[PDB]
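Worksheet: one structure, shown below.
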Amino acid sequence: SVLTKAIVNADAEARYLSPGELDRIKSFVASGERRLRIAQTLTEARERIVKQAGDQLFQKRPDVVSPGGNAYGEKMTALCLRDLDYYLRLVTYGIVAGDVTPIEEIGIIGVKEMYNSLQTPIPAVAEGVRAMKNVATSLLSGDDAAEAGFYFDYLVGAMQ
Amino acid sequence: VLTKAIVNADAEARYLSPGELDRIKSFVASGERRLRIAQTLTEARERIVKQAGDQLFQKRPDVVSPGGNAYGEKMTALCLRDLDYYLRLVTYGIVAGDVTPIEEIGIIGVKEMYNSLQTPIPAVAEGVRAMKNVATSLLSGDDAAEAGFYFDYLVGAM
Amino acid sequence: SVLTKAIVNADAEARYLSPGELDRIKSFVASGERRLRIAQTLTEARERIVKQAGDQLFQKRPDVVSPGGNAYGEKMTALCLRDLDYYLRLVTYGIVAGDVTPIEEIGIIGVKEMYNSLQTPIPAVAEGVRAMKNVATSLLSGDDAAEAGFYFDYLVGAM
Amino acid sequence: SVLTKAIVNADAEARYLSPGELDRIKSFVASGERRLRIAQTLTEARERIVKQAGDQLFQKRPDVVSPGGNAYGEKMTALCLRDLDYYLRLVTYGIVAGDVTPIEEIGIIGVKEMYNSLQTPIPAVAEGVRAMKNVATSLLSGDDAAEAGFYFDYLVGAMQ
Amino acid sequence: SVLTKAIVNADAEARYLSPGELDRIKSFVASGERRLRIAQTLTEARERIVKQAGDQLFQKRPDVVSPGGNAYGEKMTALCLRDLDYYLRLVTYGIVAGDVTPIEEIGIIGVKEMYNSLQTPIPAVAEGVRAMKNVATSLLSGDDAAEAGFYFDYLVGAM
Amino acid sequence: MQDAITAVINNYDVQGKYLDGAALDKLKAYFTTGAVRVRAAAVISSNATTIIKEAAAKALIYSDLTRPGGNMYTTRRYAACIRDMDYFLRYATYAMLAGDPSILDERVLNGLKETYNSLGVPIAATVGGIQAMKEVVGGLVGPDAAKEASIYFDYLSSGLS
Amino acid sequence: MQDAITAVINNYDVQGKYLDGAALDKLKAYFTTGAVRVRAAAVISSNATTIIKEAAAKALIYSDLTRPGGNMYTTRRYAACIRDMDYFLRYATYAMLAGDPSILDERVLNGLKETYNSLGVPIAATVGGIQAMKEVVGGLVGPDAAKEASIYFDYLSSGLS
Amino acid sequence: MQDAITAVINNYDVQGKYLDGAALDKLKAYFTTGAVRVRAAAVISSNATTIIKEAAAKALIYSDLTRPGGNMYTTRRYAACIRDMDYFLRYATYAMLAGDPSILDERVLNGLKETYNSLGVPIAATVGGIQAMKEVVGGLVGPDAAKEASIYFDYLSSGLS
Ligand SMILES: *[C@H](C)[C@H]1/C(=C/c2[nH]c(/C=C3N=C(/C=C4\NC(=O)C(CC)=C4C)C(C)=C\3CCC(=O)O)c(CCC(=O)O)c2C)NC(=O)[C@@H]1C
Ligand SMILES: *[C@H](C)[C@H]1/C(=C/c2[nH]c(/C=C3N=C(/C=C4\NC(=O)C(CC)=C4C)C(C)=C\3CCC(=O)O)c(CCC(=O)O)c2C)NC(=O)[C@@H]1C
Ligand SMILES: *[C@H](C)[C@H]1/C(=C/c2[nH]c(/C=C3N=C(/C=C4\NC(=O)C(CC)=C4C)C(C)=C\3CCC(=O)O)c(CCC(=O)O)c2C)NC(=O)[C@@H]1C
């Protein structure tokens with residue numbers, strides 16, 4: 001969260017929170033109520049976002065859902081969609097937190113290693129997240145979408 | 001299902017058994033649920049066909065190649081039209097509760113028709129399999145199982 | 001062979017060989033020496049016929065030797081050529097026999113089923129045989145070619 | 001090379017070469033003439049090994065040579081074969097050296113990063129190397145093949 | 001095999017297997033894993049064993065590879081080496097079986113008659129087998145070599 | 001033929017005993033397994049052609065058998081061999097639904113060894129093919145179904161050998 | 001006759017192939033089973049008389065066969081029937097040690113059906129007796145050994161029928 | 001660490017005894033086994049990534065552990081678990097070459113239980129994973145090598161539990 005990040009920087013410096021740091025905290029608390037609504041919207045639309053994004057991903061990457069591909073088969077396709085759902089849940093957590101840290105601990109550290117063992121292609125996963133972003137953006141209002149976009153972009157950046 | 005029961009009775013030259021009658025009763029109750037499942041696939045029909053087509057072409061580059069039957073716009077359209085036909089038949093099957101409707105329109109003489117066309121039968125089967133996977137994803141699990149049976153039959157027939 | 005076919009028909013009828021049937025046998029025995037030469041010619045040119053026909057087939061059907069296609073890959077392409085060689089050997093046997101029966105037993109019964117399990121396209125196989133015919137015809141003299149053509153045509157018809 | 005490795009260990013310890021280390025050097029110099037022949041054999045058969053391995057790889061992995069796949073197209077397929085050739089050259093160098101170090105510096109360090117930028121699938125590359133091994137093994141005598149196999153296996157292990 | 005031999009003796013006597021006979025079977029099954037390794041070693045070294053033995057034999061007997069001699073010429077020399085290979089394969093079979101019977105049926109009965117028709121000298125063949133034994137012994141560990149030696153000796157005795 | 005339910009009934013009938021709890025338990029066991037079996041059977045029927053193809057690829061083809069002088073050489077013999085493979089698959093599926101091996105004995109297994117010996121068909125190769133089909137089938141059906149499927153395949157194999 | 005080890009060897013010999021690891025694995029499998037088999041054989045030999053007694057009690061004696069006009073009526077015929085039972089037991093034991101059914105085919109199975117038909121010995125009753133022996137044997141040998149023992153008994157039964 | 005050769009030497013050194021024939025025999029025993037071990041080690045190194053993948057598939061994944069609230073839930077934890085699996089494999093390979101279990105005790109086994117308890121990692125699941133790796137390894141190495149490989153895997157498992 002924003003607050004955790006600020007505290008951590010202060011502790012490293014071994015100082016009380018700077019005025020500038022305090023100001024950022026103030027801004028965050030004001031923003032929070034708006035943020036809560038954005039998160040709520042995505043949660044309600046979660047099921048459809050995942051479904052639509054999946055379809056887009058499969059169109060973008062025929063290979064993944066092909067006999068060679070990892071996603072191929074009902075069991076595997078479900079798992080791929082479950083993964084997309086996981087990332088969406090993480091994004092909602094991020095929006096309320098105001099920072100990527102919650103997202104980062106659960107999803108972005110060791111992600112490469114996990115997927116490499118699974119043999120899932122990392123770029124395809126990124127495409128799925130991009131797809132989810134587009135669906136989510138449409139449901140969100142423009143300003144809301146921009147906020148959500150940042151978190152979505154981070155995920156895409158983290159895993160590529 | 002009702003036709004099937006009557007036919008068995010007529011062969012035996014007997015009135016329908018209570019057990020047979022009960023199965024008919026169950027079927028008529030199930031029908032409304034079946035209609036909903038069919039409706040879902042109908043709405044998603046256009047996308048199912050499109051997605052399945054792409055999967056098939058990825059699986060079989062050859063079919064959409066200068067040598068291949070599917071190659072060219074006209075031919076590719078016809079291949080997709082065929083996939084659409086089979087999907088329509090599957091929906092009919094689900095509402096009927098039997099493969100017979102599917103079977104009459106699509107599975108008898110299919111080999112002969114495709115051999116004249118020179119279309120490869122295995123590729124057609126793959127396309128149906130592809131359609132099944134797309135359809136399964138949109139359907140709920142129990143609904144998907146019901147739909148799967150009809151899809152499997154088609155694949156078996158072809 | 002001609003003779004086998006005639007005998008079999010007679011045995012079914014439970015009769016001695018008909019004069020007409022006997023006449024055809026007489027014609028066949030006279031023809032045989034010419035037939036042997038025709039077969040010999042094709043055997044000598046066998047390696048080249050197969051090679052040329054293969055190339056023609058692959059040009060005619062790019063798809064078969066494509067990643068999707070059955071023929072694709074060295075192992076698979078070799079097998080496709082081996083099949084062409086098999087059919088050529090069968091045709092030579094047919095010419096000497098004067099009948100397709102020898103050909104038919106070894107190659108044409110269950111062929112559809114075998115290839116369907118393999119998933120090999122039957123029409124492509126037919127094209128290969130047609131290609132082999134054209135190569136073979138060129139090396140053969142015209143009358144010889146006509147005789148050879150009949151056997152080649154039968155194969156194409158069978159698949 | 002064997003010799004380089006031994007010297008480096010000694011220098012770290014700041015000691016003269018140990019008797020055991022010296023013995024290994026002696027063994028290596030005796031082995032060398034046999035090793036030279038093994039390398040020579042593969043060099044002569046190089047062109048065919050690459051060609052055969054390529055075909056095997058493409059059969060095992062249709063996807064790589066498919067419109068989605070990286071290898072697809074003439075230019076791309078040539079590059080994939082060029083890569084296989086590179087790895088074969090490295091293996092020959094290894095056999096004469098008696099150690100993987102020459103191979104390792106040229107080919108195995110940063111390989112993951114390079115291929116990830118290219119987007120080439122690493123497992124497919126490994127399969128290609130495996131394929132090359134099988135072709136090379138057939139041409140080599142059994143004992144020779146075992147020696148060659150070790151170097152081939154290392155490459156496969158490295159690209160994993 | 002050891003077990004086959006025991007069963008056969010029992011059946012002739014029309015009795016169940018004797019305790020002593022059963023004990024020998026037990027010993028054999030324990031020995032088998034060691035025997036398998038010995039056989040595996042020889043199989044891997046087979047190509048070199050044959051080659052080395054051949055050379056030794058030809059040095060020992062110049063005559064066999066001479067214009068008069070049977071072995072002379074490439075075709076004939078290949079056949080002589082093929083024979084050596086055959087005998088080595090038989091020896092490996094023997095080691096796993098624990099008995100010479102497998103070896104004996106395939107190679108040692110009628111061998112004299114076969115070679116006499118061929119006109120191959122039997123003593124030279126024996127020398128080749130002896131040569132193979134020496135090569136094989138070197139690769140094998142001492143105890144393993146002794147086991148292998150018995151089978152090799154039997155072959156030499158048989159010819 | 002006989003099925004599991006009928007087998008229980010028949011055993012009781014020869015005893016003259018009315019159905020008892022122990023008997024009921026056997027029947028109940030079958031009933032639970034039933035649903036799985038039906039699903040497995042449908043899977044096998046749909047994938048039958050492929051199952052045979054894969055199994056042949058694993059054992060029969062690219063072999064001396066297919067090469068000239070081999071049992072499965074010539075189109076006619078090749079077609080016969082794959083027809084036999086299909087028979088085995090279909091009967092095993094029937095047995096799996098039934099829950100009893102008897103049908104295999106009554107139709108497939110009776111006289112097969114003798115037929116094969118007269119024909120000169122190689123039994124060990126056939127057994128190999130059956131085992132290969134089993135492995136392929138196991139994958140498609142999934143684990144719970146696989147155990148049930150395997151016993152019938154093994155029964156066929158034991159009969160032939 | 002043939003045994004498992006020799007069977008592997010013979011298959012390789014017709015191919016002309018040197019023994020390979022896959023072949024070695026089959027041989028290795030046999031070697032592990034061997035110890036169990038030897039123990040089972042000793043058990044059977046010691047209890048052979050009783051096994052026959054129990055099996056006869058289960059199926060043959062107290063029946064029409066033993067009653068006048070039955071096949072096993074008269075001392076001479078009774079003695080013959082128990083002699084045949086002993087044969088089956090001894091050969092099955094041999095087969096179990098060998099790990100191969102071939103000896104049963106070569107000695108017991110070949111021409112027995114025809115002999116029995118001429119004699120008017122009832123084959124189904126004999127098969128019943130064999131099955132009974134199997135059950136008794138299974139108990140004595142214990143479970144691991146029983147599975148191995150059962151296959152040879154079943155092989156005899158199938159041959160006769 | 002210690003290896004078999006050094007273990008013999010050390011035992012003699014504490015006694016102060018010069019090496020004797022009995023000692024030499026133990027050393028000789030090791031030398032024969034050595035060649036097999038080297039081959040096994042190379043196999044394991046090449047297939048290490050796959051071995052881990054297969055073992056995880058058999059036990060760890062598609063389980064409560066991977067599901068939320070499970071120890072291996074989250075990418076970080078998943079990655080940690082597969083890293084640990086790799087460690088076990090590498091050390092077992094080292095032990096197999098060495099012919100001595102001591103290195104496992106010195107590096108892997110020491111303090112692992114305590115570490116795991118503080119972390120809250122489940123020991124039984126870890127042991128399960130090790131056993132799974134053993135099974136996969138056994139296949140690749142082949143039978144002779146498998147016996148040697150198995151003991152080190154079992155040693156790790158016993159230590160953890
Ligand atoms: C979909 C876009 C892609 C895809 C998905 C896919 N995933 C698996 C298996 C697993 N996925 C995960 C992922 C996570 N665990 C976590 O803790 C998080 C963050 C909260 C994630 C994202 C895990 C742990 C597994 C292992 C199985 C399990 O959950 O128990 C698969 C199948 C695995 C396999 O085949 O071995 C698939 C298909 N794969 C693709 O190719 C798509 C592009
Ligand atoms: C070439 C024109 C086409 C082609 C051929 C092709 N064949 C195979 C495999 C087999 N072909 C045969 C066929 C025969 N066996 C016989 O006994 C006879 C008559 C004497 C024939 C003609 C067989 C038995 C096989 C099976 C494997 C084997 O040879 O043992 C393949 C490979 C099949 C595979 O997928 O593995 C191919 C490619 N394929 C084409 O598409 C060409 C048009
Ligand atoms: C009575 C003096 C002694 C005695 C007898 C006894 N017998 C049995 C069982 C059987 N005895 C026979 C004998 C015959 N069957 C024949 O064909 C002939 C010749 C015509 C004879 C003499 C048979 C066949 C049986 C088997 C059972 C059957 O009828 O099917 C028993 C019981 C068997 C058992 O052990 O359960 C007995 C007790 N026993 C004595 O101790 C007396 C001294």
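Numbering starts fresh at 1 for the residues of each chain in the structure tokens, the chains themselves are lettered A, B, ... in the order given, and ligands are numbered from 1 as they appear.
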
### Message
Please list as a list in words every residue within 12 Å of residue 27 of chain H, counting only C-alpha atoms and excluding residues in the same chain fewer than 6 positions away.
### Response
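Once the adjacent positions are removed, what remains is residues 3, 4, 5, 6, 7, 8, 9, 19, 20, 21, 33, 34 and 99 of chain H.
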
May I have the selected residues written with C-alpha atoms, as a PDB file, in the first residue's frame?
ATOM      1  CA  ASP H   3      33.014 -40.372  -0.061  1.00  0.00           C
ATOM      2  CA  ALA H   4      33.340 -44.168   0.105  1.00  0.00           C
ATOM      3  CA  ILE H   5      37.059 -44.162  -0.701  1.00  0.00           C
ATOM      4  CA  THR H   6      37.773 -41.488   1.915  1.00  0.00           C
ATOM      5  CA  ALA H   7      35.510 -43.201   4.471  1.00  0.00           C
ATOM      6  CA  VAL H   8      37.671 -46.350   4.264  1.00  0.00           C
ATOM      7  CA  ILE H   9      40.838 -44.264   4.492  1.00  0.00           C
ATOM      8  CA  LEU H  19      45.604 -50.288   4.103  1.00  0.00           C
ATOM      9  CA  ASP H  20      44.887 -54.023   4.071  1.00  0.00           C
ATOM     10  CA  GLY H  21      43.286 -56.454   1.605  1.00  0.00           C
ATOM     11  CA  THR H  33      29.903 -49.613  -9.179  1.00  0.00           C
ATOM     12  CA  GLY H  34      31.516 -46.300 -10.203  1.00  0.00           C
ATOM     13  CA  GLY H  99      28.711 -43.552  -2.746  1.00  0.00           C
TER      14      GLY H  99
END

### Task
Report as a VMD selection string the set of chain B residues whose atoms approach chain F to within 9 Å, with distances computed over only C-alpha atoms.
chain B and resid 149 152 to 157

Only N, CA and C atoms, please: the residues just picked out, written as a JSON list (two decimals), in the first residue's frame.
[["chain", "number", "residue", "atom", "x", "y", "z"],
["B", 149, "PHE", "N", -21.80, -34.58, -25.38],
["B", 149, "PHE", "CA", -22.24, -35.87, -25.87],
["B", 149, "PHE", "C", -22.59, -35.75, -27.35],
["B", 152, "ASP", "N", -19.50, -35.15, -29.40],
["B", 152, "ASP", "CA", -18.71, -36.36, -29.50],
["B", 152, "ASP", "C", -19.28, -37.29, -30.57],
["B", 153, "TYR", "N", -20.62, -37.40, -30.58],
["B", 153, "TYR", "CA", -21.28, -38.26, -31.54],
["B", 153, "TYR", "C", -20.89, -37.86, -32.95],
["B", 154, "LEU", "N", -20.94, -36.55, -33.23],
["B", 154, "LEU", "CA", -20.62, -36.04, -34.55],
["B", 154, "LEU", "C", -19.20, -36.44, -34.91],
["B", 155, "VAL", "N", -18.28, -36.26, -33.97],
["B", 155, "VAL", "CA", -16.88, -36.57, -34.22],
["B", 155, "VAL", "C", -16.75, -38.07, -34.51],
["B", 156, "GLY", "N", -17.46, -38.89, -33.73],
["B", 156, "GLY", "CA", -17.45, -40.33, -33.95],
["B", 156, "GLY", "C", -18.01, -40.70, -35.33],
["B", 157, "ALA", "N", -19.11, -40.04, -35.72],
["B", 157, "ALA", "CA", -19.77, -40.32, -36.98],
["B", 157, "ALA", "C", -18.85, -40.04, -38.17]]

Protein and nucleic acid residues within 6 Å of ligand 3 (only C-alpha atoms and all ligand atoms) as a PDB file with N, CA, C and O atoms, in the first residue's frame:
ATOM      1  N   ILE G  61     -16.123 -86.322  -5.937  1.00  0.00           N
ATOM      2  CA  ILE G  61     -16.741 -87.371  -5.096  1.00  0.00           C
ATOM      3  C   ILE G  61     -18.099 -86.893  -4.565  1.00  0.00           C
ATOM      4  O   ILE G  61     -18.324 -85.663  -4.548  1.00  0.00           O
ATOM      5  N   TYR G  62     -18.999 -87.836  -4.244  1.00  0.00           N
ATOM      6  CA  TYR G  62     -20.359 -87.529  -3.778  1.00  0.00           C
ATOM      7  C   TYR G  62     -21.116 -86.943  -4.964  1.00  0.00           C
ATOM      8  O   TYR G  62     -21.773 -85.876  -4.824  1.00  0.00           O
ATOM      9  N   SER G  63     -21.112 -87.646  -6.077  1.00  0.00           N
ATOM     10  CA  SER G  63     -21.711 -87.141  -7.305  1.00  0.00           C
ATOM     11  C   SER G  63     -22.186 -88.319  -8.136  1.00  0.00           C
ATOM     12  O   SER G  63     -21.898 -89.460  -7.837  1.00  0.00           O
ATOM     13  N   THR G  66     -19.295 -90.748  -9.342  1.00  0.00           N
ATOM     14  CA  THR G  66     -18.898 -91.831  -8.473  1.00  0.00           C
ATOM     15  C   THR G  66     -19.995 -92.889  -8.387  1.00  0.00           C
ATOM     16  O   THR G  66     -19.686 -94.033  -8.085  1.00  0.00           O
ATOM     17  N   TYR G  73     -16.996 -94.260 -11.600  1.00  0.00           N
ATOM     18  CA  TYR G  73     -17.433 -95.470 -10.900  1.00  0.00           C
ATOM     19  C   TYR G  73     -16.454 -96.625 -11.158  1.00  0.00           C
ATOM     20  O   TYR G  73     -15.892 -96.684 -12.237  1.00  0.00           O
ATOM     21  N   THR G  74     -16.303 -97.528 -10.177  1.00  0.00           N
ATOM     22  CA  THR G  74     -15.334 -98.632 -10.134  1.00  0.00           C
ATOM     23  C   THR G  74     -13.990 -98.124  -9.630  1.00  0.00           C
ATOM     24  O   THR G  74     -13.652 -96.983  -9.869  1.00  0.00           O
ATOM     25  N   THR G  75     -13.233 -98.965  -8.935  1.00  0.00           N
ATOM     26  CA  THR G  75     -11.979 -98.526  -8.349  1.00  0.00           C
ATOM     27  C   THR G  75     -11.003 -98.099  -9.445  1.00  0.00           C
ATOM     28  O   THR G  75     -10.307 -97.097  -9.300  1.00  0.00           O
TER      29      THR G  75
END

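Interatomic distance, atom CA of residue 24 of chain G to atom CA of residue 141 of chain E: 20.1 Å.
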
### Task
Tell me, as a list in words, which residues lie within 10 Å of residue 109 of chain H, counting only C-alpha atoms; anything in the same chain fewer than 2 positions away does not count.
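Contacts, in chain order: residues 88, 102, 103, 104, 105, 106, 107, 111, 112, 113, 155, 156, 157, 158, 159 and 160 of chain H.
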
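Counting from atom CA of residue 144 of chain H, the distance to atom CA of residue 143 of chain E is 19.0 Å.
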
### Surrounding residues as a PyMOL selection string, ligand 1, max 6 Å, only C-alpha atoms and all ligand atoms
(chain A and resi 64+70-71+76-77+79-81+83-84+86+106-107+118+120-121+124-125+128) or (chain H and resi 61-63+66+73-75)

### Close residues to ligand 2 using only C-alpha atoms and all ligand atoms, limit 8 Å, as a ChimeraX atom specification
/C:54,57,64-65,69-72,75-84,86-87,90,106-108,111,114-115,118-129 /F:57,60-68,72-75,77-78

Selection export as a CSV table (one decimal), in the first residue's frame, atoms kept: C-alpha atoms:
chain,number,residue,atom,x,y,z
C,54,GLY,CA,7.4,-38.0,-56.8
C,57,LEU,CA,3.2,-35.2,-57.3
C,64,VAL,CA,1.0,-33.1,-48.8
C,65,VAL,CA,4.6,-32.1,-48.2
C,69,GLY,CA,0.4,-32.7,-44.6
C,70,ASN,CA,1.0,-36.4,-44.1
C,71,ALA,CA,4.0,-36.6,-46.4
C,72,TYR,CA,5.9,-33.8,-44.7
C,75,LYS,CA,10.8,-40.1,-42.9
C,76,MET,CA,7.3,-39.5,-44.2
C,77,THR,CA,8.5,-38.4,-47.7
C,78,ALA,CA,10.5,-41.6,-48.0
C,79,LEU,CA,7.5,-43.7,-47.0
C,80,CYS,CA,5.4,-41.9,-49.7
C,81,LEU,CA,8.1,-42.7,-52.3
C,82,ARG,CA,8.3,-46.3,-51.0
C,83,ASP,CA,4.5,-46.6,-51.6
C,84,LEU,CA,5.0,-45.3,-55.2
C,86,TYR,CA,5.3,-50.6,-54.4
C,87,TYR,CA,2.6,-49.7,-56.8
C,90,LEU,CA,2.6,-54.3,-58.7
C,106,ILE,CA,-1.7,-57.2,-52.9
C,107,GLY,CA,-2.7,-53.5,-53.3
C,108,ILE,CA,-6.3,-52.7,-54.0
C,111,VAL,CA,-6.4,-50.0,-49.5
C,114,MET,CA,-5.3,-48.8,-44.6
C,115,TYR,CA,-4.9,-45.3,-45.9
C,118,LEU,CA,-2.8,-43.7,-41.8
C,119,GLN,CA,-4.8,-40.6,-42.7
C,120,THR,CA,-3.0,-40.4,-46.1
C,121,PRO,CA,-5.3,-38.7,-48.7
C,122,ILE,CA,-6.3,-41.3,-51.3
C,123,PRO,CA,-6.6,-38.7,-54.2
C,124,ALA,CA,-3.0,-37.6,-53.8
C,125,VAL,CA,-1.9,-41.3,-54.0
C,126,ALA,CA,-3.9,-41.6,-57.2
C,127,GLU,CA,-2.2,-38.5,-58.6
C,128,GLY,CA,1.2,-40.1,-57.8
C,129,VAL,CA,0.2,-43.2,-59.8
F,57,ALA,CA,2.0,-46.7,-34.7
F,60,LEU,CA,2.5,-52.8,-35.6
F,61,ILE,CA,3.7,-50.3,-38.2
F,62,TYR,CA,7.3,-49.4,-39.2
F,63,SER,CA,8.1,-53.0,-38.4
F,64,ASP,CA,9.0,-56.3,-40.1
F,65,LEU,CA,5.3,-57.2,-40.0
F,66,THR,CA,4.5,-54.3,-42.4
F,67,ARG,CA,7.6,-55.0,-44.5
F,68,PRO,CA,7.3,-57.7,-47.3
F,72,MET,CA,0.6,-57.6,-42.0
F,73,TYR,CA,2.2,-57.0,-45.4
F,74,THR,CA,-0.2,-56.4,-48.4
F,75,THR,CA,-3.2,-54.1,-48.1
F,77,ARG,CA,-3.7,-58.3,-44.5
F,78,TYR,CA,-3.1,-54.7,-43.1

### Task
Return as a VMD selection string the residues belonging to chain B that are within 12 Å of chain C, counting only C-alpha atoms.
chain B and resid 56 to 71 111 115 to 123 158

Within 12 Å of chain D: residues of chain A, using only C-alpha atoms, as an mmCIF file with N, CA and C atoms, in the first residue's frame:
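Everything below was put into iface05.cif:
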data_model
loop_
_atom_site.group_PDB
_atom_site.id
_atom_site.type_symbol
_atom_site.label_atom_id
_atom_site.label_comp_id
_atom_site.auth_asym_id
_atom_site.auth_seq_id
_atom_site.Cartn_x
_atom_site.Cartn_y
_atom_site.Cartn_z
ATOM 1 N N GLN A 59 -8.059 -15.980 -29.771
ATOM 2 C CA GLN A 59 -8.047 -15.486 -31.146
ATOM 3 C C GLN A 59 -6.648 -14.963 -31.470
ATOM 4 N N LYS A 60 -6.062 -14.180 -30.549
ATOM 5 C CA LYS A 60 -4.740 -13.590 -30.767
ATOM 6 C C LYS A 60 -3.694 -14.695 -30.902
ATOM 7 N N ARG A 61 -3.810 -15.741 -30.073
ATOM 8 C CA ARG A 61 -2.841 -16.837 -30.063
ATOM 9 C C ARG A 61 -3.562 -18.163 -30.298
ATOM 10 N N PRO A 62 -3.768 -18.594 -31.565
ATOM 11 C CA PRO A 62 -4.388 -19.891 -31.811
ATOM 12 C C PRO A 62 -3.569 -21.024 -31.192
ATOM 13 N N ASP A 63 -2.243 -20.863 -31.194
ATOM 14 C CA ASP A 63 -1.311 -21.915 -30.825
ATOM 15 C C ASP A 63 -1.553 -22.400 -29.395
ATOM 16 N N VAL A 64 -1.796 -21.484 -28.466
ATOM 17 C CA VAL A 64 -1.865 -21.856 -27.058
ATOM 18 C C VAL A 64 -2.962 -22.903 -26.879
ATOM 19 N N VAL A 65 -4.125 -22.697 -27.517
ATOM 20 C CA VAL A 65 -5.189 -23.695 -27.515
ATOM 21 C C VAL A 65 -5.077 -24.515 -28.804
ATOM 22 N N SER A 66 -4.002 -25.287 -28.906
ATOM 23 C CA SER A 66 -3.770 -26.210 -30.004
ATOM 24 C C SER A 66 -3.101 -27.437 -29.399
ATOM 25 N N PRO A 67 -3.112 -28.612 -30.061
ATOM 26 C CA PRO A 67 -2.671 -29.846 -29.408
ATOM 27 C C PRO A 67 -1.273 -29.730 -28.806
ATOM 28 N N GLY A 68 -0.378 -29.047 -29.526
ATOM 29 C CA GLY A 68 0.939 -28.741 -28.989
ATOM 30 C C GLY A 68 0.874 -27.820 -27.767
ATOM 31 N N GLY A 69 -0.005 -26.808 -27.828
ATOM 32 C CA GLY A 69 -0.036 -25.716 -26.867
ATOM 33 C C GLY A 69 -0.464 -26.159 -25.466
ATOM 34 N N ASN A 70 -0.036 -25.366 -24.476
ATOM 35 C CA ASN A 70 -0.229 -25.681 -23.070
ATOM 36 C C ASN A 70 -1.707 -25.589 -22.699
ATOM 37 N N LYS A 112 8.160 -15.924 -13.347
ATOM 38 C CA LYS A 112 8.901 -16.462 -14.477
ATOM 39 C C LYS A 112 9.220 -17.925 -14.205
ATOM 40 N N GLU A 113 9.744 -18.199 -13.010
ATOM 41 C CA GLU A 113 10.180 -19.532 -12.637
ATOM 42 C C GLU A 113 9.003 -20.501 -12.638
ATOM 43 N N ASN A 116 7.878 -21.139 -16.206
ATOM 44 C CA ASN A 116 8.858 -21.923 -16.938
ATOM 45 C C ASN A 116 8.750 -23.399 -16.562
ATOM 46 N N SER A 117 8.541 -23.712 -15.281
ATOM 47 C CA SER A 117 8.331 -25.103 -14.915
ATOM 48 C C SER A 117 7.064 -25.619 -15.592
ATOM 49 N N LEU A 118 5.996 -24.818 -15.575
ATOM 50 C CA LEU A 118 4.746 -25.220 -16.196
ATOM 51 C C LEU A 118 4.928 -25.334 -17.711
ATOM 52 N N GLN A 119 5.823 -24.505 -18.263
ATOM 53 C CA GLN A 119 6.117 -24.440 -19.687
ATOM 54 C C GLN A 119 5.117 -23.527 -20.400
ATOM 55 N N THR A 120 4.244 -22.878 -19.632
ATOM 56 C CA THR A 120 3.351 -21.862 -20.162
ATOM 57 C C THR A 120 4.193 -20.742 -20.770
ATOM 58 N N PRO A 121 3.862 -20.233 -21.983
ATOM 59 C CA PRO A 121 4.559 -19.065 -22.535
ATOM 60 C C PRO A 121 4.191 -17.766 -21.814
ATOM 61 N N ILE A 122 5.203 -17.039 -21.384
ATOM 62 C CA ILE A 122 5.017 -15.834 -20.584
ATOM 63 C C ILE A 122 4.359 -14.759 -21.459
ATOM 64 N N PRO A 123 4.782 -14.547 -22.716
ATOM 65 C CA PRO A 123 4.183 -13.516 -23.565
ATOM 66 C C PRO A 123 2.673 -13.658 -23.768
ATOM 67 N N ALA A 124 2.217 -14.901 -23.905
ATOM 68 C CA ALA A 124 0.791 -15.184 -24.059
ATOM 69 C C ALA A 124 0.035 -14.749 -22.809
ATOM 70 N N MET A 159 5.477 -9.273 -16.226
ATOM 71 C CA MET A 159 5.590 -10.571 -16.879
ATOM 72 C C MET A 159 5.732 -10.321 -18.336
ATOM 73 N N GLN A 160 6.914 -10.400 -18.991
ATOM 74 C CA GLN A 160 6.906 -10.334 -20.446
ATOM 75 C C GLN A 160 7.909 -11.300 -21.110
#
